[PDB]
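Only one chain is shown below, in structure tokens, and it's the form deposited in one PDB entry.
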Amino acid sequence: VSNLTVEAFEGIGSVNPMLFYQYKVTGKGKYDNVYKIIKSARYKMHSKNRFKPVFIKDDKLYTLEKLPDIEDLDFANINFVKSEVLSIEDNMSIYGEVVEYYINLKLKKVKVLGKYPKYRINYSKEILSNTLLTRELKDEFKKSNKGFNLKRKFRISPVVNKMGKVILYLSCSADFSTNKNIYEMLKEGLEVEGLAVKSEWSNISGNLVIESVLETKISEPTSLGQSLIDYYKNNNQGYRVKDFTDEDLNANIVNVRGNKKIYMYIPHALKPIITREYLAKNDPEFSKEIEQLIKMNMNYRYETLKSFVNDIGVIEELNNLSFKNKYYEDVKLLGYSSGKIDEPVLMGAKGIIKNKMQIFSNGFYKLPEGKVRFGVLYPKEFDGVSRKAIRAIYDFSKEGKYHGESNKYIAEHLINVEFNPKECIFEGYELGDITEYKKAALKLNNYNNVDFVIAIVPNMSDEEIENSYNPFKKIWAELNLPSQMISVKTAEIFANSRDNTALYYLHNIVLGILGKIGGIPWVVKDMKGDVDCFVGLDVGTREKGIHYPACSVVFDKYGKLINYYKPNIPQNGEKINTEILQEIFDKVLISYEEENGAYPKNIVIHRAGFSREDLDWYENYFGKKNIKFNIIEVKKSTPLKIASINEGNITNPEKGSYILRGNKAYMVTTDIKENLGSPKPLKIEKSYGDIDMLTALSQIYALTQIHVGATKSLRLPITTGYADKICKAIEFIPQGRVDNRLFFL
């Protein structure tokens, strides 16, 4: 089979126990808590003594050479205590930080073209390289004509074991930056009203957008009684305004919104935010060109990290610590156990389907009882386009036809829909006010001959005249009518395509229509392990200080949705309260007992993120009820990438490819081709349970492949994935009694 490896390079030779200088931080201020100042004391002693290595154990600072005890800090009186050779066996993380410091100090001395520094070193795990290794294996500055920089952004994490052997865990991202601030764009004369920007002279994390450009110069005394240059000199920041010339004083004052009031900054201090949108708006050719540079398959990630490690080389102050430029041939050397999980068997109306598109030839597994009467909203200037769109949808669903012809790929009577262009209604709506959208949706429910809406909304782009998706879905949630919304662009694809491109649009639209009416296209034939129901718990954070409700979804062992429970009250944080856990799991056991006749003997709880809930509550709750339960932490955001090494040839791994060490597991659930990036695996760890992680990973990978809303699988299992979809459609939850209908899909 294909071996699996991670982005890791083995260190040649070990590190020795070396002399450290233990320092003490005490709470010199009005407080006495040193834990709230330990990292600040580390950073100030590192920065105030020409960037020399300072490390952190629980209350102490450790240093590789003799530095004077600093009383100059007002918050931290760092003082020498003793001189101790720390052993490797008790100080793994400290020697990991030592190795990453010496990697940083070795890479600071590396140059490109003999003049330019290659790496931007701040002596951290994060390393920005000013140049990029290209696909043709050449270090090149990726700049544009408009000053946009692309920088390869490395993240090192060396791990030292008890013997001193070092394993350099690596990853690489991209970094969008620019050297042109707003002063240079005003010297050039660019439209800067409304740009999302950041201030390089403050560390405050907040959305900064430009209101306008005032004609007042920065040297003129402002509305606060003093000028802005005087305002920067009074803030003990006169060194930033010291190098300003007379032409710099002729800069126009650019006021900037800081989400509470109008801030007043100078245009030299503010730098624009280089998103994909800004980069595409200003220089679209450069944003085309870096598409193969930011979306890196595992071979080009290996070549990038190989060039990085060749730039590291030998480290003469760690007993000649050099790193290999090859990945491990297997992760068994790293403790992981690798493999591939077998594909789920998906059942249809005619039996096993080999692909998800064969469900439109075989027919869906469960059609809901009853006839589905359509209704259609569409904007008024898009009439015949919407005619052709609903014509294509109905010919796909009922009459089994694509482009008017009966197709071998499509079965007749996929969904028992009822749409007659004489009988069914086409209510057109004028684009415009939001209350007119809401009244148009209420007007379409004025006629009781509509059981499902195929409303055509404008594009999610085109920031002009308001989108009707949000008012339509809110009103149809208030009215408990399901609805599949469609952009104007998708309707124009249905009107204007002659190839089979719109067929896949039709596949996903009809799977949406089916899931929203309680139908099921495919089911699992058999789930691995002894499980009765799946619960996917999640708490999402919409904004600052706003949390989504602790959404749960309930599945059976075959992965069809029994239930979802949105608690009506929000909570304080990402931990679910035991009262909310009471609500959720009483709803779980009630729904499983309603559809099955008894309590579930086995529950697997897929907690999205960390299972920070009280485990003693869970043990009491399911031990009083004779329920064996399992808590699996399914985690989305993880910088770890899995490769497939095959006689030294790095490639993207297939879906179902996992690595497993202990309870932590990284599993690839997406099959992503080269020149489209590399697959982001799911970090999966078991916080509680007694099922082995092979069963848990097989169940999670089975739950990824049974996403009933698309013909291609979800990256997340639909426990945590449908919890995310309900957190997205949280203002769109239908009013009436909770059932199998998947509104969020």
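The numbering used is simple: start at 1 and walk along the sequence shown. Rigid core (definition): largest C-alpha set, two forms, superposition within 1.5 Å.
There is also a form deposited in another entry; it is not shown, and the following applies to it.
In a rigid core superposition between this form and the one not shown, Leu73 is the single residue of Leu279, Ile353, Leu73, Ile294 whose Cα is displaced by 2 Å or more.
The Cα position of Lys712 differs by less than 2 Å between this form and the one not shown after fitting on the rigid core. If you fit the rigid core between this form and the one not shown, you'll see the Cα of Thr501 move by less than 2 angstroms. Comparing the forms between this form and the one not shown on their rigid core, the Cα displacement of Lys655 stays under 2 Å.
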